[PDB]
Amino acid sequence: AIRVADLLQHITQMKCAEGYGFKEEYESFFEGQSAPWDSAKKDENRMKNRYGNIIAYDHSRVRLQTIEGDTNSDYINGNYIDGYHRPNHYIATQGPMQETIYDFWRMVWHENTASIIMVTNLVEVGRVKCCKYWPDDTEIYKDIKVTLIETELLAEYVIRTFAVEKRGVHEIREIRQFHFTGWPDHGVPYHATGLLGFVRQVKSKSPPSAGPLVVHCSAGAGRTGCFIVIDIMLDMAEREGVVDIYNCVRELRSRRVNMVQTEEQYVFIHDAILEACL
């Protein structure tokens, strides 16, 4: 643990010798499958996984209500992750695929999620990273109707507000998608400033009474892990004057494969929390 006051010295020493401290620390994490994922690797679930190597662990996967007469329809490539002092405060997932747009929305509904965090652009370096799973006006995904109700554009992100409805349920829920568009085509942001501003918008706007925050990038590990770690750590820093980033990542990794996918992402988390604390 690092007192937020020794944070700069800590980060600085870790950067010495081209970041030997960080390089070695990051290498201490376990890369790859560290737990069973029998359901994720089922052939019948193969088309629900974006990246075959970034799939959902059994012990923490988010289960779906089996769609009547459909075995295996209880799977979504997503995992629960604890918040500062809130169990299962987040769901780390992959960017929906056309085949999984419905599974995504029904999960959002069933989990009573109010905020969707998207930290990837639709196409990067020529590659499609996530399908457009939301409508520009309105769209009915089987029994879930989604209506775009507002769009707010800011420097490095856009906030899309939706009026979401389920058939036969006399209710209209406001669900906001916080789309961070400021993450570079390569590497990590040059200034953590924008993502920090994005985090506070999510924290401030998110109803303390709703279900877990659904976070996703493309695979649902790197930038998803960055947002989540930064979010939890600001909570700890606030309530304790201490940050424990290493153990936070280690813990997220027990929940889902390779959270915080690169060492550069790992160092960025430190820069962001340091800036926030300064």
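Don't overthink the numbering: it's just position in the shown sequence, from 1.
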*Per the entry, where is the mean C-alpha temperature factor higher: 169-177 or 74-82?*
169-177
*Mean C-alpha B-factor comparison - 199-207 and 99-107, higher one*: 199-207
*Among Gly32, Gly222, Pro36, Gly69, which carries the highest Cα B-factor?*
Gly69
*From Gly194, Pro87, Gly126, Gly187, residue of greatest CA B-factor*: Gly187
*If you rank the chain by CA B-factor, which third does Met14 end up in: lowest, middle or highest?*
highest
*asked:* Quick check on the deposited entry: does the C-alpha B-factor of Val267 sit in the lowest, middle or highest third of its chain?
replied: highest
_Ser28, C-alpha B-factor rank within chain (lowest, middle or highest third)_ = highest
*When the modelled residues of the chain are sorted by Cα temperature factor, does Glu156 land in the lowest, middle or highest third?*
middle
*Taking the values exactly as deposited, rank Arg50 by C-alpha B-factor within its chain and report the matching third: lowest, middle or highest.*
middle
